[PDB]
Each structure stands twice: as C-alpha cells, then as structure tokens.
Amino acid sequence: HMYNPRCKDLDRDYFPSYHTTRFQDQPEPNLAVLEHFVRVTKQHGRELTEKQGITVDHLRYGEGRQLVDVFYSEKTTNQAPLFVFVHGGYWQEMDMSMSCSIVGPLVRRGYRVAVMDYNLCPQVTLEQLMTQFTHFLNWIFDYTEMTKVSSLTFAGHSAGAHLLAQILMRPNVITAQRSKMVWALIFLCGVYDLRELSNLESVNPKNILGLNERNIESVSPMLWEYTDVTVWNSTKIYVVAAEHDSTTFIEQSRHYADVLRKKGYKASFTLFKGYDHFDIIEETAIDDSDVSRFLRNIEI
Ligand code: NA
C-alpha cells in the first residue's frame, strides 16, 4: 500500500464510492452514491438541451462509441474558446449521457464544450484505448484549428484524468503550437500509478485492462520520463483530489503533482474540502457551486 502507509484494505482504497460521507443512513452508501450519480447526471444531460437553450452537434472521431458531442449557444460567437471534458469510470463503465454535468455553466461563460466518449476495456487493452485517445487529441486539435480557434482547456475526471495525462507525452501529435493553445489542464481525482490496481481482481477482473509487466510503466503517468517540458510553460496544470476520497487517490494526486512540479511543469495540488469523488462532478452543473467557482477562477 504505497500512497496509504496506514491502509488495512487495499481494494476498498481503490473504490472511491466507499469514501463519501453522504447517504450514511443508507445500508450501502457506496451504492446509493453511484445510483444518485447516474440519476442526477443523466438529468443534467437532458436539462442542457431541453431546458437550458443549449445546442448540441453529434460528431465522431472513430467508429461506434468514439463520439464527441459539442455544446454551444447560438447566442455566442463560433470563435469561442473550447473546453474539453474526458469522463471517468475505471476504463470500463460510464458514457456520454452521464458526462455532461460540466457543460451548462461553461456555455454560460462563453465556451463551446466538447464532451467525448471512448471504447472501454476489454474491447481494447488500456494501451489500445490510449492509442485511440491519442486519435482523439489529434481530432480535437484538427477541429479547433479548422475553426480557427486557438484557446483550449482540457479536464478529465478519474480514469479520464489518467487518459488526459498523455497529452504531455505525444509530441508527434501535440506540436509546440498546439501546446501553446492550451490555457489549462485540469486533473480531477485521477489515478496515475497502476502497479497496485493492475494486480487486483475487483478493479482489474480477469485482467480486462490487459495489463502486464512490459506495459505497466506505459499506462502509468506517474512513472514516465517527461521531456520537453518547456513547451508547456504557457499552460497551467491543476491536479485535484476531493477531501472525501480514499487516502490512496488523494496521495496519488499529491504525488503526481509533485512529479510534474519536480519536472518543471506549472502544476499544483488541491485538496477540495467537502467533496467526494462523485459530487465534485455533480456540482459542476450548478453555476454557483464551489467547484464551478474553482473552474471559473482558473480563468484569472
Ligand atoms: Na481563442
């Protein structure tokens, strides 16, 4: 138990749902929280286009679930900045319909918002999902370039934070110019070192992540040898943990922030009071929420 010197149970430290303070009168609060998350995020999604006057374009960067929905207000110019959101779900669950809580307040602040979906393990190995995600980063920059827009922010949650980390190490796709377009990278409650969970059946049953010893460094942002850091020093990096996450998740974020800082990235660690791993996303649908205020404050 790296990341939790005082851990008793390594598995439960890898399921953030056991770590909330919500639904503590529920016999299984971990299932309550998941149920609630599914429900409210689907509701946020419908409210975006049925109530909030927001428009969506349904696009694709690949076959099947490799989709990108772009949300915008027609009352706003087409040359607005683009905010990109990458959803979580341990590379094996979640979809677009539960991923759009973040959209509404951003559109009201004058962003266009791209919410993407991806193929899940074991339809791909994690390595292959990562190659596909590289196709997505190429797509999003081609899309922004075509639109002749040259300001972006990316944010990923959980597994999505893990995925987003490769943006720092794909220079055959991410040119110096592409890098210079990025205002900020936001890593919400991600995981960055997969050596412990790779060996657990509860997280990686029957090895559906398709992991092993040759590729464990490559799927672990924590362990990479970062190079050409200088092209990112126009980009602010925010590594964020929720206070009510597992100590393992919290420390994974703290340590990843340390790794980046030590490499010379403009990175910071934030422990966000009052949130667990889930409501930190749920509350992004509320303009006045603490998390919303945080995202807004990044702009300054
Ligand atoms: Na711009």
# chains A, B, ... in the order shown; residues from 1 in each chain; ligands from 1
>>> residues_near_ligand(ligand="ligand 1", cutoff="6 Å", atoms="only C-alpha atoms and all ligand atoms", output="list in words")
residues 80, 81, 149, 150 and 151 of chain A
>>> select_by_dssp(residues="range 43-119 of chain A", states="alpha helix (DSSP H)", output="NGL selection string")
:A and (43-50 or 103-108)
>>> write_last_selection(atoms="N, CA, C and O atoms", output="short mmCIF file (atom, residue, chain, number, x, y, z; two decimals), in the first residue's frame")
data_model
loop_
_atom_site.label_atom_id
_atom_site.label_comp_id
_atom_site.auth_asym_id
_atom_site.auth_seq_id
_atom_site.Cartn_x
_atom_site.Cartn_y
_atom_site.Cartn_z
N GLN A 43 -30.01 13.42 -15.68
CA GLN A 43 -30.92 14.57 -15.61
C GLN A 43 -30.26 15.91 -16.06
O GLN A 43 -30.89 16.69 -16.79
N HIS A 44 -28.99 16.11 -15.69
CA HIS A 44 -28.27 17.32 -16.10
C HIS A 44 -28.16 17.33 -17.63
O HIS A 44 -28.36 18.35 -18.31
N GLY A 45 -27.88 16.15 -18.15
CA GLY A 45 -27.73 16.00 -19.58
C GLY A 45 -28.99 16.41 -20.32
O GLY A 45 -28.92 17.15 -21.30
N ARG A 46 -30.16 15.91 -19.89
CA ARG A 46 -31.37 16.24 -20.61
C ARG A 46 -31.71 17.73 -20.45
O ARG A 46 -32.14 18.37 -21.37
N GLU A 47 -31.46 18.24 -19.26
CA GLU A 47 -31.79 19.62 -18.96
C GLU A 47 -30.97 20.57 -19.87
O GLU A 47 -31.45 21.65 -20.22
N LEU A 48 -29.77 20.15 -20.26
CA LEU A 48 -28.93 21.03 -21.11
C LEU A 48 -29.65 21.42 -22.40
O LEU A 48 -29.68 22.58 -22.75
N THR A 49 -30.22 20.43 -23.10
CA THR A 49 -30.81 20.67 -24.42
C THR A 49 -32.34 20.77 -24.41
O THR A 49 -32.92 21.17 -25.40
N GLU A 50 -32.98 20.48 -23.27
CA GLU A 50 -34.45 20.60 -23.24
C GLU A 50 -34.90 21.83 -22.49
O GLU A 50 -36.03 22.30 -22.68
N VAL A 103 -21.24 21.02 -18.57
CA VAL A 103 -21.43 21.84 -19.78
C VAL A 103 -22.10 23.21 -19.51
O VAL A 103 -21.65 24.24 -19.99
N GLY A 104 -23.18 23.18 -18.74
CA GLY A 104 -24.06 24.33 -18.77
C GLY A 104 -23.41 25.67 -18.30
O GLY A 104 -23.44 26.65 -19.04
N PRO A 105 -22.83 25.66 -17.12
CA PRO A 105 -22.17 26.90 -16.64
C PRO A 105 -21.04 27.35 -17.60
O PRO A 105 -20.85 28.52 -17.82
N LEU A 106 -20.33 26.39 -18.25
CA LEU A 106 -19.29 26.82 -19.16
C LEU A 106 -19.85 27.52 -20.39
O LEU A 106 -19.31 28.52 -20.86
N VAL A 107 -20.91 26.95 -20.95
CA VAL A 107 -21.52 27.60 -22.09
C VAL A 107 -22.00 29.01 -21.64
O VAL A 107 -21.92 29.98 -22.41
N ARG A 108 -22.47 29.11 -20.39
CA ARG A 108 -22.99 30.43 -19.98
C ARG A 108 -21.84 31.43 -19.75
O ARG A 108 -22.09 32.64 -19.60
#
>>> residues_around(residues="range 73-79 of chain A", least_positions_apart="6", cutoff="8 Å", atoms="only C-alpha atoms", output="list in words")
residues 53, 54, 55, 107, 110, 112, 147, 148 and 149 of chain A
>>> residues_around(residues="residue 300 in chain A", least_positions_apart="6", cutoff="12 Å", atoms="only C-alpha atoms", output="list in words")
residues 183, 184, 236, 293 and 294 of chain A
>>> residues_around(residues="residue 257 in chain A", least_positions_apart="4", cutoff="12 Å", atoms="only C-alpha atoms", output="MDAnalysis selection string")
chainID A and resid 165 186:192 221:222 236:241 250:253 261:271
>>> write_last_selection(atoms="N, CA, C and O atoms", output="short mmCIF file (atom, residue, chain, number, x, y, z; two decimals), in the first residue's frame")
data_model
loop_
_atom_site.label_atom_id
_atom_site.label_comp_id
_atom_site.auth_asym_id
_atom_site.auth_seq_id
_atom_site.Cartn_x
_atom_site.Cartn_y
_atom_site.Cartn_z
N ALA A 165 -3.58 12.55 -19.22
CA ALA A 165 -2.17 12.78 -18.92
C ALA A 165 -1.26 12.56 -20.13
O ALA A 165 -0.20 13.15 -20.23
N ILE A 186 -6.80 20.22 -16.33
CA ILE A 186 -7.43 20.02 -15.03
C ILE A 186 -7.63 18.52 -14.79
O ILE A 186 -8.41 17.85 -15.49
N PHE A 187 -6.95 17.98 -13.78
CA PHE A 187 -6.98 16.56 -13.48
C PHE A 187 -7.76 16.31 -12.23
O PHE A 187 -7.25 16.52 -11.15
N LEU A 188 -9.02 15.93 -12.38
CA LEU A 188 -9.91 15.74 -11.25
C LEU A 188 -9.91 14.31 -10.73
O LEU A 188 -10.40 13.38 -11.42
N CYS A 189 -9.34 14.12 -9.55
CA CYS A 189 -9.39 12.82 -8.85
C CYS A 189 -8.97 11.67 -9.72
O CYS A 189 -9.68 10.69 -9.83
N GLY A 190 -7.82 11.80 -10.37
CA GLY A 190 -7.36 10.74 -11.26
C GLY A 190 -6.54 9.68 -10.55
O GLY A 190 -6.23 9.77 -9.35
N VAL A 191 -6.17 8.67 -11.31
CA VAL A 191 -5.20 7.72 -10.78
C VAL A 191 -4.01 7.66 -11.74
O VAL A 191 -4.21 7.73 -12.95
N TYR A 192 -2.77 7.57 -11.24
CA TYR A 192 -1.62 7.77 -12.12
C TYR A 192 -0.56 6.67 -12.10
O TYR A 192 0.32 6.65 -12.96
N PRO A 221 1.10 7.30 -15.85
CA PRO A 221 1.65 8.65 -15.94
C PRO A 221 2.66 9.00 -14.85
O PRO A 221 3.60 9.74 -15.12
N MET A 222 2.46 8.47 -13.65
CA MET A 222 3.39 8.71 -12.52
C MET A 222 4.85 8.40 -12.85
O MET A 222 5.78 9.03 -12.32
N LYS A 236 -1.16 26.14 -17.41
CA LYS A 236 -1.36 25.85 -16.02
C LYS A 236 -1.91 24.46 -15.84
O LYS A 236 -2.81 24.08 -16.52
N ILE A 237 -1.34 23.70 -14.90
CA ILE A 237 -1.78 22.33 -14.62
C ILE A 237 -2.33 22.24 -13.19
O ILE A 237 -1.63 22.59 -12.21
N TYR A 238 -3.57 21.77 -13.08
CA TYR A 238 -4.25 21.66 -11.78
C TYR A 238 -4.53 20.20 -11.47
O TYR A 238 -5.36 19.57 -12.11
N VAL A 239 -3.83 19.66 -10.48
CA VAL A 239 -4.13 18.33 -10.03
C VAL A 239 -5.05 18.43 -8.79
O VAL A 239 -4.72 19.10 -7.81
N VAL A 240 -6.21 17.79 -8.85
CA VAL A 240 -7.22 17.97 -7.78
C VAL A 240 -7.68 16.63 -7.20
O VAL A 240 -8.01 15.68 -7.95
N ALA A 241 -7.68 16.57 -5.87
CA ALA A 241 -8.29 15.48 -5.15
C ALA A 241 -9.47 16.01 -4.35
O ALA A 241 -9.51 17.19 -4.02
N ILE A 250 -6.04 10.34 -2.96
CA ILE A 250 -5.55 11.64 -2.56
C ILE A 250 -4.04 11.74 -2.75
O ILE A 250 -3.51 12.71 -3.27
N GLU A 251 -3.34 10.71 -2.31
CA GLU A 251 -1.91 10.70 -2.39
C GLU A 251 -1.37 10.50 -3.78
O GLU A 251 -0.35 11.08 -4.14
N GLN A 252 -2.06 9.68 -4.56
CA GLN A 252 -1.75 9.55 -5.98
C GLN A 252 -1.75 10.92 -6.67
O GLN A 252 -0.82 11.24 -7.40
N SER A 253 -2.77 11.74 -6.38
CA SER A 253 -2.82 13.10 -6.91
C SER A 253 -1.68 13.96 -6.35
O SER A 253 -1.00 14.63 -7.10
N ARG A 261 5.73 18.94 -10.87
CA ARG A 261 6.42 20.12 -10.37
C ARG A 261 7.95 19.93 -10.47
O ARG A 261 8.68 20.76 -11.02
N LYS A 262 8.40 18.81 -9.94
CA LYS A 262 9.82 18.45 -9.98
C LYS A 262 10.39 18.39 -11.41
O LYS A 262 11.56 18.73 -11.62
N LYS A 263 9.56 17.99 -12.37
CA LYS A 263 9.93 18.06 -13.81
C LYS A 263 9.88 19.46 -14.41
O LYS A 263 10.38 19.68 -15.53
N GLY A 264 9.27 20.39 -13.69
CA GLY A 264 9.25 21.80 -14.11
C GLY A 264 7.93 22.25 -14.74
O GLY A 264 7.86 23.35 -15.31
N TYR A 265 6.91 21.41 -14.65
CA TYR A 265 5.57 21.83 -15.12
C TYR A 265 4.96 22.82 -14.14
O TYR A 265 5.24 22.75 -12.93
N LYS A 266 4.13 23.74 -14.65
CA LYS A 266 3.43 24.69 -13.77
C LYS A 266 2.23 23.99 -13.15
O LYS A 266 1.07 24.28 -13.49
N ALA A 267 2.48 23.07 -12.23
CA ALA A 267 1.45 22.22 -11.68
C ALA A 267 1.19 22.53 -10.23
O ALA A 267 2.12 22.91 -9.49
N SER A 268 -0.05 22.30 -9.80
CA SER A 268 -0.39 22.46 -8.38
C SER A 268 -1.26 21.31 -7.87
O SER A 268 -1.95 20.63 -8.66
N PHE A 269 -1.23 21.08 -6.56
CA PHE A 269 -2.15 20.16 -5.93
C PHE A 269 -3.20 20.89 -5.12
O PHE A 269 -2.88 21.83 -4.35
N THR A 270 -4.46 20.45 -5.25
CA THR A 270 -5.57 20.98 -4.47
C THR A 270 -6.33 19.84 -3.82
O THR A 270 -6.71 18.88 -4.49
N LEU A 271 -6.55 19.95 -2.51
CA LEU A 271 -7.46 19.02 -1.85
C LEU A 271 -8.73 19.81 -1.63
O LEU A 271 -8.72 20.87 -0.99
#
>>> select_by_dssp(residues="range 24-134 of chain A", states="strand (DSSP E)", output="PyMOL selection string")
chain A and resi 55-60+67-72+82-86+112-116
>>> residues_around(residues="residue 41 in chain A", least_positions_apart="6", cutoff="10 Å", atoms="only C-alpha atoms", output="compact mmCIF listing (two decimals) with N, CA, C and O atoms, in the first residue's frame")
# COMPACT_ATOMS: atom_id res chain seq x y z
N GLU A 47 -31.46 18.24 -19.26
CA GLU A 47 -31.79 19.62 -18.96
C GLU A 47 -30.97 20.57 -19.87
O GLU A 47 -31.45 21.65 -20.22
N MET A 96 -21.39 8.99 -22.42
CA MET A 96 -21.67 10.37 -22.69
C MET A 96 -22.85 10.91 -21.86
O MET A 96 -22.81 12.02 -21.32
N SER A 97 -23.90 10.10 -21.75
CA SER A 97 -25.12 10.55 -21.12
C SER A 97 -24.93 10.95 -19.65
O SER A 97 -25.77 11.66 -19.11
N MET A 98 -23.87 10.46 -19.01
CA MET A 98 -23.58 10.78 -17.59
C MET A 98 -22.42 11.72 -17.45
O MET A 98 -21.93 11.94 -16.36
N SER A 99 -21.99 12.32 -18.57
CA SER A 99 -20.76 13.06 -18.60
C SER A 99 -20.93 14.56 -18.85
O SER A 99 -19.91 15.24 -19.04
N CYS A 100 -22.16 15.06 -18.86
CA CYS A 100 -22.40 16.45 -19.36
C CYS A 100 -22.80 17.45 -18.28
O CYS A 100 -23.20 18.58 -18.60
N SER A 101 -22.68 17.07 -17.02
CA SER A 101 -22.94 18.00 -15.91
C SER A 101 -22.15 19.28 -16.07
O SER A 101 -22.67 20.36 -15.79
N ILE A 102 -20.92 19.17 -16.53
CA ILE A 102 -19.98 20.29 -16.58
C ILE A 102 -20.35 21.36 -17.64
O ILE A 102 -19.87 22.50 -17.57
N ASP A 279 -19.64 13.88 -6.23
CA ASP A 279 -20.39 15.14 -6.24
C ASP A 279 -19.52 16.28 -6.73
O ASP A 279 -20.03 17.37 -7.04
N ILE A 281 -18.16 16.24 -9.49
CA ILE A 281 -18.67 16.40 -10.85
C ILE A 281 -20.12 16.83 -10.86
O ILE A 281 -20.49 17.69 -11.66
N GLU A 282 -20.93 16.27 -9.96
CA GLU A 282 -22.35 16.52 -9.96
C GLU A 282 -22.57 18.01 -9.81
O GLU A 282 -23.45 18.58 -10.47
N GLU A 283 -21.76 18.63 -8.97
CA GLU A 283 -21.94 20.05 -8.69
C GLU A 283 -21.44 20.97 -9.82
O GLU A 283 -21.67 22.18 -9.79
N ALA A 285 -22.78 21.23 -12.52
CA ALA A 285 -23.99 21.66 -13.25
C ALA A 285 -24.59 22.88 -12.60
O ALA A 285 -25.50 23.49 -13.13
>>> atom_distance(atom1="CA of residue 169 in chain A", atom2="CA of residue 86 in chain A")
17.1 Å
>>> residues_around(residues="residue 181 in chain A", least_positions_apart="5", cutoff="12 Å", atoms="only C-alpha atoms", output="list in words")
residues 81, 82, 83, 140, 141, 144, 145, 148, 149, 150, 151, 152, 153, 154, 174, 175, 176, 231, 232, 233, 234, 235 and 236 of chain A
>>> closest_residue(among="A:4, A:199, A:172, A:92", to="residue 212 in chain A", atoms="only C-alpha atoms")
A:199
>>> atom_distance(atom1="CA of residue 21 in chain A", atom2="CA of residue 244 in chain A")
7.0 Å
>>> atom_distance(atom1="CA of residue 57 in chain A", atom2="CA of residue 297 in chain A")
27.8 Å
>>> closest_residue(among="A:180, A:207, A:278, A:216", to="residue 36 in chain A", atoms="only C-alpha atoms")
A:278
>>> closest_residue(among="A:142, A:290, A:196, A:225", to="residue 11 in chain A", atoms="only C-alpha atoms")
A:196
>>> closest_residue(among="A:299, A:193, A:245, A:287", to="residue 275 in chain A", atoms="only C-alpha atoms")
A:245
